[PDB]
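This report concerns only the one structure given below.
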Amino acid sequence: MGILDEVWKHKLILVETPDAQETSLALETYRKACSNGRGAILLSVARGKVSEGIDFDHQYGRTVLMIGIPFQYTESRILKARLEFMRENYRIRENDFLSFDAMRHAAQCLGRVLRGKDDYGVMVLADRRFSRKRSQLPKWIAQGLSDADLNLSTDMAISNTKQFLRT
Amino acid sequence: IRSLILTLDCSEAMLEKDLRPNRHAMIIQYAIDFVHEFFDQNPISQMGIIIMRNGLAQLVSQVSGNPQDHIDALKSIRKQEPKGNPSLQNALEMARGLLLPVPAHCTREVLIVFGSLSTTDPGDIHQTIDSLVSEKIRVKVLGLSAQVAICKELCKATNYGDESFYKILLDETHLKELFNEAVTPXXXXXXXXXXXXXXXXXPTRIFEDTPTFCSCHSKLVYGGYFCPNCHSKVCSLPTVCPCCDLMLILXXXXXXXXXXXXXXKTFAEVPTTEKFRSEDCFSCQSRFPXXXXXXXXXXXXXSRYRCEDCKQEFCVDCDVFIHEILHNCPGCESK
Amino acid sequence: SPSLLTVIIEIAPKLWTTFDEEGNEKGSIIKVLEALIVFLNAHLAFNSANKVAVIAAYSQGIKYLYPXXXXXXXXXXXXXXXXXXXXXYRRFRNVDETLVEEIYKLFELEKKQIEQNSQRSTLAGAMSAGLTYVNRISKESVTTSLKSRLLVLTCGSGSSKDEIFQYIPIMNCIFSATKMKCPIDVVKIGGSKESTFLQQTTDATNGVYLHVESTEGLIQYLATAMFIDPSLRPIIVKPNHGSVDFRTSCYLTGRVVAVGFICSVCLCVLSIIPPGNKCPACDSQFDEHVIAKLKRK
Amino acid sequence: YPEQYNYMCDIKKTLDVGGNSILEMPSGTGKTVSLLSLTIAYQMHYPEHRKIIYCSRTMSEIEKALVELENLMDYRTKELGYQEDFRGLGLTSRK
Ligand SMILES: [Zn+2]
Ligand SMILES: [Zn+2]
Ligand SMILES: [Zn+2]
Ligand SMILES: [Zn+2]
């Protein structure tokens, strides 16, 4: 809990049974954390509720983290029925169900970082299966986890110096 | 005229080894040179050092025009270790309590050297930012690498609605550049207010050291400045006398005003094939060609810095030397 | 070690007329220049590789008498002197030949236009270019830094040799000379008159001020200031006394005020006896509350 | 912006020709791009012709479309000075 006592302090974790008041209180306190020089950790579900979309400020998370790639609940009768239904229609068996669905659940995370050309943001993606799919503005460089810690320290200082240079 | 309040970060975030050997060993070291850069160009201004250690604000240097009080205050910080967390609210409220003796005629400045990324404030910090605009306090924060959303509102709302004061440092060479601009004043557009100051006596240079004389210490002295109002032989300084609240400056204020009135006219660098003049310098003797990149397409071209105030040819070396000290171009004094 | 001596001569047509009228002719301009050439040869013989630069300040503008100015124009011949026939260092004889060619051009340029242009002071441009050429000569010689010791030779004549227009640029030059760690060996020549700006420049730049009235001994005062300027100041020197001034004067009035008053955030010199109606120094508004408290006390 | 006029020229060419168009927009930069072009294509045709029908996915995008329409009416009442036939209805939930 060192990040929950010396970095982000308070914790904003979205549960599986996310209440509408609980999602409202975790959203306002996340805006109260960044407006006091604190910062908070928004532990949400990419498959859960509240897809958001409001940003365009420094109150939002400037660095957005994703745990791997979004997946879908397999071994269900609803999925096996829609698998054979679209197999006769478009013959996209075992392809779009694991990739086109996994992209749109990841593209909801991509819609929050791009908050205009005036605000910056860094979106990191794990694993290696993301290279087989496409993304909005496909300019992606692959590096390690400890390597990007020194890259993001440069990206949090170059963007503070190149903001008044391009104007 | 100026009453700067230095706000230094002295916490566990300064224990990192970003600089050489660390952040705290270069912030304290470069601030001693900033004291030397401040009292030379502004010998009749004030300074105040407030550290942010252990979630509080500790006053280690009182507001005074003596430069040696701020040197020995910074020599005690390097002995201990910076611990705790920065407190921006306790540092600004302590800076508010010292700038209230500072009048409206003297400019109130607050410089914050913030190398951390997270602070610990008691109450609401937004109630402290709006208080600095109500009494007109110019706050400037120097943030390290990443930007803080608090310092963007602090360097804009306290600075006439303009965010350009929250600077981001990336090198130790760039940190000394921030101490050169902060040593210079900020002649802004202001808010068009009235200004009138009087009661400025002159110090008589006395050298009596037989049984000595001291009105501000009652000790032995090798000569002190005599006040022209209360007739007291106190300490020799260009500040105010401590017996009747009257000044005692001389040519130190005149040298600061001459630098303030120095507009520094840069000489127009015209080529030797364009200005139709030989390679010569109005300050010395620059009889060498400037440009010499190509064969004869640049060596014969050259450059002669023609100052437009007297049409005198010069070079690039003395054009920055005349704008730094003395008068801008020596050909201006001759008609 | 080498020692650089910067001599700032103040050649003017009123200085030769005051020395040929006040106390009859107590020495012409070439009589003291020969004794200065004897002091220049003693400085070059006191230490090896001793550099010297001569820069005059005429009425129509300042000019360099020596410092390879006549050689730079020749590259881009003598005047038959007795000093050149007496041998002893050809570098000192070529400096006297270049000074004789520059003094002949000064008498050819002295006419009705030079006497009409003698209304200002060329010592402000000679001090601004003198510290810049000394900064250019010290930058050209990185190995073995010499001791830069400026020796101002102001000829206190008539007309308007000292005014408020040249005191502001000399104050910026004195702050530049104190920042460059250069001593200003001042020498008040001519009539019996001591300037407060020349006394404050010798106290701020750690120089020596010598008041030479009329003429007296030319080499007697040239062998005393040559023993403290080229040296590293091992003694406590022997400068002129009664130089302790307030270093301030009311420019809008014309008299020295003990208690001054600031302008409207401009730091201009103003008397406390003024009412300050919209600050008599620039175009700005004054404080009515500060004018109400100053009129009561 | 010139990049916003590229999708606006495509929206002015598909609304008077095509029946359905899959137009891709960058994230955080395409909200008011099709908002002003929908009121301009009606003003280029007839203002009582085809009205605007908006289909969001959340209630927040319903609320975010109302404040942008206020900016469209403020840009039409300050740059023109004429108050035309207003519209806009906030069809939200029943509770
Ligand atoms: Zn006093
Ligand atoms: Zn030059
Ligand atoms: Zn000039
Ligand atoms: Zn004024």
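Count begins at 1; order follows the chain as displayed.
From the backbone N, Cα and C atoms, a Cβ is placed for every residue, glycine too.
Pulled from Swiss-Prot:
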BINDING   D:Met25, D:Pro26, D:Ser27, D:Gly28, D:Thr29, D:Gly30, D:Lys31, D:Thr32  ATP binding site
Candidate with the highest Cβ count within 10 Å, taken from the binding-site residues D:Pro26, D:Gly28, D:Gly30: D:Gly28
Other C-beta atoms that fall within 10 angstroms of the C-beta of D:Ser27 (ATP binding site): 18
Cβ-Cβ neighbours of D:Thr29 (ATP binding site) (radius 10 Å): 16
D:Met25 (ATP binding site): tally of other CB atoms within 10 A of its CB: 13
